[PDB]
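Have a look at upload_10.csv below; it lists CSV, N, CA and C atoms.
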```csv
chain,number,residue,atom,x,y,z
A,1,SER,N,104.4,45.6,36.8
A,1,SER,CA,105.8,46.0,37.0
A,1,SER,C,105.9,47.3,37.8
A,2,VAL,N,106.8,47.4,38.7
A,2,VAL,CA,106.9,48.5,39.6
A,2,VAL,C,107.6,49.7,39.0
A,3,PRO,N,107.0,50.9,39.0
A,3,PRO,CA,107.7,52.1,38.4
A,3,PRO,C,108.8,52.7,39.2
A,4,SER,N,109.6,53.6,38.5
A,4,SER,CA,110.8,54.3,39.1
A,4,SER,C,110.6,55.8,39.0
A,5,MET,N,111.2,56.6,39.9
A,5,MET,CA,111.3,58.0,39.8
A,5,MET,C,112.5,58.5,40.5
A,6,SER,N,113.2,59.5,39.9
A,6,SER,CA,114.4,60.1,40.5
A,6,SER,C,114.2,61.6,40.6
A,7,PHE,N,114.6,62.2,41.7
A,7,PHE,CA,114.5,63.6,41.9
A,7,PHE,C,115.6,64.3,41.0
A,8,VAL,N,115.2,65.3,40.2
A,8,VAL,CA,116.1,66.1,39.4
A,8,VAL,C,116.5,67.3,40.2
A,9,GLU,N,115.6,68.2,40.5
A,9,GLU,CA,115.9,69.5,41.2
A,9,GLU,C,114.7,70.2,41.7
A,10,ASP,N,114.9,71.1,42.7
A,10,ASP,CA,113.9,72.0,43.2
A,10,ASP,C,113.8,73.2,42.2
A,11,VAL,N,112.7,73.3,41.6
A,11,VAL,CA,112.5,74.4,40.6
A,11,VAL,C,112.2,75.7,41.4
A,12,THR,N,111.5,75.7,42.5
A,12,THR,CA,111.3,76.8,43.4
A,12,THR,C,111.4,76.3,44.8
A,13,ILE,N,111.5,77.3,45.8
A,13,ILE,CA,111.6,77.0,47.2
A,13,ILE,C,112.8,76.0,47.5
A,14,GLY,N,114.0,76.5,47.3
A,14,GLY,CA,115.2,75.7,47.6
A,14,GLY,C,115.4,75.3,49.1
A,15,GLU,N,116.3,74.4,49.4
A,15,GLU,CA,116.6,74.0,50.7
A,15,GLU,C,116.9,75.2,51.6
A,16,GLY,N,117.7,76.2,51.0
A,16,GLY,CA,118.1,77.4,51.6
A,16,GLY,C,117.4,78.6,51.0
A,17,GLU,N,116.1,78.8,51.4
A,17,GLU,CA,115.2,79.9,50.9
A,17,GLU,C,114.2,80.3,52.0
A,18,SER,N,114.0,81.6,52.2
A,18,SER,CA,113.1,82.0,53.3
A,18,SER,C,111.8,82.7,52.7
A,19,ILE,N,110.6,82.2,53.2
A,19,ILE,CA,109.3,82.7,52.8
A,19,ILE,C,108.6,83.3,54.1
A,20,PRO,N,107.9,84.5,54.0
A,20,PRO,CA,107.3,85.0,55.2
A,20,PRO,C,106.1,84.2,55.8
A,21,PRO,N,105.6,84.4,57.0
A,21,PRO,CA,104.5,83.6,57.5
A,21,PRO,C,103.1,83.8,56.8
A,22,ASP,N,102.3,82.8,56.8
A,22,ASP,CA,100.9,82.8,56.2
A,22,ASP,C,100.9,83.3,54.7
A,23,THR,N,102.1,83.2,54.0
A,23,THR,CA,102.2,83.6,52.6
A,23,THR,C,101.9,82.4,51.6
A,24,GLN,N,101.2,82.7,50.6
A,24,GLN,CA,100.8,81.7,49.6
A,24,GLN,C,102.0,81.6,48.6
A,25,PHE,N,102.3,80.3,48.2
A,25,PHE,CA,103.4,80.1,47.3
A,25,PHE,C,103.2,78.8,46.5
A,26,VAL,N,103.9,78.6,45.4
A,26,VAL,CA,103.9,77.4,44.6
A,26,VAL,C,105.2,76.7,44.8
A,27,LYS,N,105.1,75.4,45.0
A,27,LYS,CA,106.3,74.5,45.1
A,27,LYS,C,106.4,73.7,43.9
A,28,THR,N,107.5,73.7,43.2
A,28,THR,CA,107.7,73.0,42.0
A,28,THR,C,108.9,72.1,42.1
A,29,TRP,N,108.8,70.9,41.6
A,29,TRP,CA,109.9,69.9,41.6
A,29,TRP,C,110.1,69.5,40.2
A,30,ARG,N,111.3,69.0,39.8
A,30,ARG,CA,111.6,68.5,38.5
A,30,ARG,C,111.9,67.0,38.8
A,31,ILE,N,111.2,66.1,38.2
A,31,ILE,CA,111.4,64.6,38.4
A,31,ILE,C,111.6,63.9,37.1
A,32,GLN,N,112.1,62.6,37.2
A,32,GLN,CA,112.2,61.8,35.9
A,32,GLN,C,111.8,60.4,36.1
A,33,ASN,N,111.2,59.8,35.0
A,33,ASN,CA,110.9,58.4,35.0
A,33,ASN,C,112.3,57.7,34.8
A,34,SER,N,112.9,57.3,35.9
A,34,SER,CA,114.2,56.6,35.8
A,34,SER,C,114.1,55.1,35.6
A,35,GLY,N,113.0,54.6,35.0
A,35,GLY,CA,112.6,53.2,34.8
A,35,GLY,C,112.7,52.8,33.3
A,36,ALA,N,112.5,51.5,33.1
A,36,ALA,CA,112.6,51.0,31.7
A,36,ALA,C,111.4,51.1,30.9
A,37,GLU,N,110.2,51.3,31.5
A,37,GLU,CA,108.9,51.4,30.9
A,37,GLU,C,108.2,52.6,31.3
A,38,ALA,N,107.2,53.0,30.5
A,38,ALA,CA,106.4,54.2,30.8
A,38,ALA,C,105.6,54.0,32.1
A,39,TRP,N,105.3,55.1,32.8
A,39,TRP,CA,104.6,55.0,34.1
A,39,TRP,C,103.1,54.6,33.7
A,40,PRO,N,102.5,53.8,34.5
A,40,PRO,CA,101.1,53.4,34.2
A,40,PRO,C,100.2,54.6,34.2
A,41,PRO,N,98.9,54.5,33.7
A,41,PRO,CA,98.0,55.6,33.8
A,41,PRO,C,97.5,55.8,35.2
A,42,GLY,N,97.1,57.0,35.6
A,42,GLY,CA,96.5,57.3,36.9
A,42,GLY,C,97.5,57.4,38.0
A,43,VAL,N,98.8,57.9,37.7
A,43,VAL,CA,99.8,58.1,38.7
A,43,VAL,C,99.7,59.5,39.3
A,44,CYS,N,100.2,59.8,40.5
A,44,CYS,CA,100.1,61.1,41.2
A,44,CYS,C,101.1,61.3,42.2
A,45,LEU,N,101.5,62.5,42.5
A,45,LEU,CA,102.4,62.8,43.6
A,45,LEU,C,101.5,63.0,44.9
A,46,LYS,N,101.9,62.4,46.0
A,46,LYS,CA,101.1,62.4,47.2
A,46,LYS,C,101.9,62.8,48.4
A,47,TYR,N,101.3,63.6,49.3
A,47,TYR,CA,101.8,64.0,50.6
A,47,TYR,C,102.0,62.7,51.4
A,48,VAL,N,103.2,62.5,52.1
A,48,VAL,CA,103.4,61.3,52.9
A,48,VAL,C,103.9,61.5,54.4
A,49,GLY,N,104.1,62.7,54.8
A,49,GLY,CA,104.6,62.9,56.2
A,49,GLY,C,105.2,64.3,56.4
A,50,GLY,N,105.5,64.5,57.7
A,50,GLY,CA,106.0,65.8,58.0
A,50,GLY,C,105.0,66.9,58.0
A,51,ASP,N,105.4,68.2,58.0
A,51,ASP,CA,104.5,69.4,58.0
A,51,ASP,C,103.7,69.5,56.7
A,52,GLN,N,102.5,70.0,56.8
A,52,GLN,CA,101.6,70.3,55.7
A,52,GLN,C,101.5,71.8,55.5
A,53,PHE,N,101.6,72.2,54.2
A,53,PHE,CA,101.5,73.6,53.9
A,53,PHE,C,100.3,73.9,53.0
A,54,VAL,N,95.7,69.9,51.0
A,54,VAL,CA,96.0,69.4,49.7
A,54,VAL,C,97.0,68.3,49.7
A,55,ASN,N,96.6,67.1,49.4
A,55,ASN,CA,97.5,65.9,49.6
A,55,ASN,C,97.8,65.1,48.3
A,56,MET,N,97.4,65.6,47.1
A,56,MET,CA,97.7,64.8,45.9
A,56,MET,C,97.5,65.6,44.7
A,57,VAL,N,98.5,65.5,43.7
A,57,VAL,CA,98.4,66.1,42.4
A,57,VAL,C,98.6,65.1,41.3
A,58,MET,N,97.8,65.0,40.3
A,58,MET,CA,98.0,64.1,39.2
A,58,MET,C,99.3,64.5,38.4
A,59,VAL,N,100.0,63.5,37.9
A,59,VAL,CA,101.2,63.7,37.1
A,59,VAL,C,101.0,62.9,35.8
A,60,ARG,N,101.6,63.3,34.7
A,60,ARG,CA,101.4,62.5,33.4
A,60,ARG,C,102.1,61.2,33.4
A,61,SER,N,101.7,60.2,32.6
A,61,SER,CA,102.4,59.0,32.5
A,61,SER,C,103.7,59.1,31.7
A,62,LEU,N,104.8,59.4,32.4
A,62,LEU,CA,106.0,59.6,31.7
A,62,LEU,C,106.7,58.4,31.1
A,63,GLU,N,107.2,58.7,29.8
A,63,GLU,CA,107.9,57.7,29.0
A,63,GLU,C,109.3,57.5,29.8
A,64,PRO,N,110.0,56.4,29.5
A,64,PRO,CA,111.3,56.2,30.2
A,64,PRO,C,112.3,57.4,29.9
A,65,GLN,N,113.0,57.8,30.9
A,65,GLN,CA,113.9,58.9,30.8
A,65,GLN,C,113.3,60.3,30.7
A,66,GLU,N,111.9,60.4,30.7
A,66,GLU,CA,111.3,61.7,30.5
A,66,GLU,C,111.3,62.5,31.8
A,67,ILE,N,111.4,63.9,31.6
A,67,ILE,CA,111.4,64.8,32.8
A,67,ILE,C,110.0,65.4,32.9
A,68,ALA,N,109.5,65.7,34.1
A,68,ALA,CA,108.3,66.4,34.4
A,68,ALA,C,108.4,67.5,35.5
A,69,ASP,N,107.8,68.7,35.3
A,69,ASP,CA,107.7,69.7,36.3
A,69,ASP,C,106.4,69.5,37.0
A,70,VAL,N,106.4,69.3,38.3
A,70,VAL,CA,105.2,69.0,39.2
A,70,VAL,C,105.1,70.1,40.1
A,71,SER,N,103.9,70.8,40.2
A,71,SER,CA,103.7,71.9,41.0
A,71,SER,C,102.6,71.7,42.0
A,72,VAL,N,102.7,72.2,43.2
A,72,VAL,CA,101.7,72.1,44.2
A,72,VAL,C,101.5,73.4,44.9
A,73,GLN,N,100.2,73.9,45.0
A,73,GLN,CA,99.9,75.2,45.6
A,73,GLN,C,99.9,75.1,47.2
A,74,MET,N,100.8,75.8,47.8
A,74,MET,CA,100.9,75.7,49.3
A,74,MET,C,100.8,77.1,50.0
A,75,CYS,N,100.8,77.1,51.4
A,75,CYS,CA,100.7,78.3,52.2
A,75,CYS,C,101.6,78.1,53.4
A,76,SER,N,102.6,79.0,53.6
A,76,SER,CA,103.6,78.8,54.7
A,76,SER,C,102.9,78.9,56.1
A,77,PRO,N,103.4,78.2,57.1
A,77,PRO,CA,102.8,78.3,58.5
A,77,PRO,C,102.7,79.7,59.1
A,78,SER,N,101.8,79.8,60.0
A,78,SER,CA,101.6,81.1,60.7
A,78,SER,C,102.7,81.5,61.7
A,79,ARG,N,103.5,80.6,62.2
A,79,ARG,CA,104.6,81.0,63.1
A,79,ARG,C,106.0,80.7,62.5
A,80,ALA,N,107.0,81.5,62.9
A,80,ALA,CA,108.4,81.4,62.4
A,80,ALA,C,109.0,80.1,62.8
A,81,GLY,N,110.0,79.6,62.0
A,81,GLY,CA,110.7,78.4,62.2
A,81,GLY,C,111.0,77.6,61.0
A,82,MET,N,111.6,76.4,61.2
A,82,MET,CA,112.0,75.5,60.1
A,82,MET,C,110.9,74.4,60.1
A,83,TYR,N,110.4,74.1,58.8
A,83,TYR,CA,109.4,73.1,58.6
A,83,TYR,C,109.7,72.1,57.5
A,84,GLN,N,109.4,70.8,57.5
A,84,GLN,CA,109.7,69.9,56.4
A,84,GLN,C,108.6,69.0,56.1
A,85,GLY,N,108.2,68.9,54.8
A,85,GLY,CA,107.2,68.0,54.3
A,85,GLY,C,107.8,66.9,53.4
A,86,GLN,N,107.3,65.7,53.4
A,86,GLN,CA,107.7,64.6,52.5
A,86,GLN,C,106.5,64.3,51.5
A,87,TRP,N,106.9,64.0,50.3
A,87,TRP,CA,106.0,63.7,49.2
A,87,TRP,C,106.6,62.4,48.5
A,88,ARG,N,105.8,61.7,47.8
A,88,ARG,CA,106.2,60.5,47.1
A,88,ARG,C,105.2,60.1,46.0
A,89,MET,N,105.7,59.6,44.8
A,89,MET,CA,104.8,59.2,43.7
A,89,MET,C,104.0,58.0,44.2
A,90,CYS,N,102.8,57.8,43.6
A,90,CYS,CA,101.8,56.7,43.9
A,90,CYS,C,101.0,56.3,42.7
A,91,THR,N,100.8,55.0,42.6
A,91,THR,CA,100.1,54.4,41.4
A,91,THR,C,98.6,54.4,41.7
A,92,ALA,N,97.8,54.2,40.6
A,92,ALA,CA,96.3,54.1,40.7
A,92,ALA,C,95.9,53.0,41.7
A,93,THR,N,96.7,52.0,41.9
A,93,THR,CA,96.4,50.9,42.8
A,93,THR,C,96.8,51.2,44.3
A,94,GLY,N,97.5,52.3,44.6
A,94,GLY,CA,97.8,52.8,45.9
A,94,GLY,C,99.2,52.4,46.4
A,95,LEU,N,100.1,52.0,45.4
A,95,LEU,CA,101.4,51.6,45.7
A,95,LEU,C,102.3,52.8,45.5
A,96,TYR,N,103.1,53.2,46.5
A,96,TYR,CA,104.1,54.2,46.4
A,96,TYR,C,105.4,53.8,45.8
A,97,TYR,N,106.0,54.6,45.1
A,97,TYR,CA,107.3,54.3,44.5
A,97,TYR,C,108.2,55.5,44.3
A,98,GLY,N,109.4,55.3,44.0
A,98,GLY,CA,110.3,56.4,43.7
A,98,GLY,C,111.0,57.0,44.9
A,99,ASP,N,111.8,58.1,44.7
A,99,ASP,CA,112.4,58.8,45.7
A,99,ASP,C,111.4,59.6,46.5
A,100,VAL,N,111.7,59.8,47.8
A,100,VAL,CA,110.9,60.7,48.7
A,100,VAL,C,111.4,62.1,48.3
A,101,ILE,N,110.6,63.1,48.1
A,101,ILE,CA,111.0,64.5,47.8
A,101,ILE,C,110.5,65.4,48.9
A,102,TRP,N,111.3,66.5,49.2
A,102,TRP,CA,111.0,67.4,50.3
A,102,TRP,C,110.7,68.8,50.0
A,103,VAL,N,109.9,69.4,50.9
A,103,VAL,CA,109.6,70.8,50.9
A,103,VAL,C,110.1,71.3,52.3
A,104,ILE,N,111.2,72.1,52.3
A,104,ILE,CA,111.8,72.6,53.5
A,104,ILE,C,111.7,74.1,53.6
A,105,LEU,N,111.0,74.7,54.6
A,105,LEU,CA,110.7,76.1,54.7
A,105,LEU,C,111.3,76.7,55.9
A,106,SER,N,111.9,77.9,55.8
A,106,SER,CA,112.4,78.7,56.9
A,106,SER,C,111.5,80.0,56.9
A,107,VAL,N,110.5,80.0,57.8
A,107,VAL,CA,109.5,81.1,57.9
A,107,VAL,C,110.2,82.2,58.8
A,108,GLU,N,110.2,83.4,58.3
A,108,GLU,CA,110.9,84.5,59.0
A,108,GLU,C,109.9,85.8,59.1
```
Can I see the file as structure tokens?
Amino acid sequence: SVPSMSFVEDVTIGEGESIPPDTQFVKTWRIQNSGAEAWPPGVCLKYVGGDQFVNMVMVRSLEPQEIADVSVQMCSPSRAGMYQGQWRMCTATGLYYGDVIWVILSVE
């Protein structure tokens, strides 16, 4: 059975937030199992496109309607500008599911 995931909110690094160049930072998202059954074992959040700032973090097997805070350790690009990365949940078998979530940086 295919799992579900909905984006709750950006816990850090909002759509409108500026970080300096080459600066280390943690990116945290709040997500939920918006499905009828628990997530299977061995699920993870994976990098899937756009700019990269490390491509996978394990996430716990959430019960239906449960919330989780997922954190990824990143580093802002060396030059100024607007950058965007995509992430998406993935099962132990390699199947992606859920909402695509974003990291959007304005380096100044």
Select, from A:3, A:14, A:98, A:77, the residue with the minimum atom-to-atom distance to residue 36 in chain A, counting only N, CA and C atoms.
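Among A:3, A:14, A:98, A:77, it is A:3 that comes nearest to residue 36 in chain A.
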Tell me which protein, DNA and RNA residues are within 7 Å of residue 58 in chain A, counting all atoms listed in the file, leaving out same-chain ones fewer than 4 positions away, and put them as a ChimeraX atom specification.
/A:42-45
Residue 105 in chain A: which residues within 6 Å, counting only N, CA and C atoms, same-chain residues fewer than 3 positions away excluded, as an MDAnalysis selection string?
chainID A and resid 81:84
How far is it from atom N of residue 35 in chain A to atom C of residue 104 in chain A, in Å with one decimal?
27.0 Å
Closest to residue 8 in chain A among A:26, A:39, A:32, A:61, using all atoms listed in the file?
A:32
One-decimal distance in Å that lies between CA of residue 10 in chain A and CA of residue 29 in chain A:
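If I compute the distance from CA of residue 29 in chain A to CA of residue 10 in chain A, I get 4.8 Å.
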To one decimal in Å, tell me the separation between atom C of residue 37 in chain A and atom C of residue 103 in chain A.
28.2 Å
For residue 19 in chain A, find every residue with an atom within 8 Å (counting only C-alpha atoms), except residues of its own chain fewer than 2 positions away, and show them as a ChimeraX atom specification.
/A:17,21,23,76,105-108
Would you return as JSON, numbers by chain the members of chain A that DSSP assigns to strand (DSSP E or B) on this structure's backbone?
{"A": [6, 7, 8, 9, 10, 18, 19, 24, 25, 26, 27, 28, 29, 30, 31, 32, 44, 45, 46, 47, 48, 49, 50, 56, 57, 58, 67, 68, 69, 70, 71, 72, 73, 74, 75, 81, 82, 83, 84, 85, 86, 87, 88, 89, 90, 96, 97, 98, 99, 100, 101, 102, 103, 104, 105, 106, 107]}
Determine the nearest neighbour of residue 85 in chain A from the options A:50, A:64, A:40, A:20, counting only C-alpha atoms.
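Residue with the minimum atom-to-atom distance to residue 85 in chain A: A:50.
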My list of candidates is A:57, A:5, A:11, A:48. Which is closest to residue 88 in chain A when distances are computed with all atoms listed in the file?
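Using all atoms listed in the file, residue 88 in chain A sits closest to A:48.
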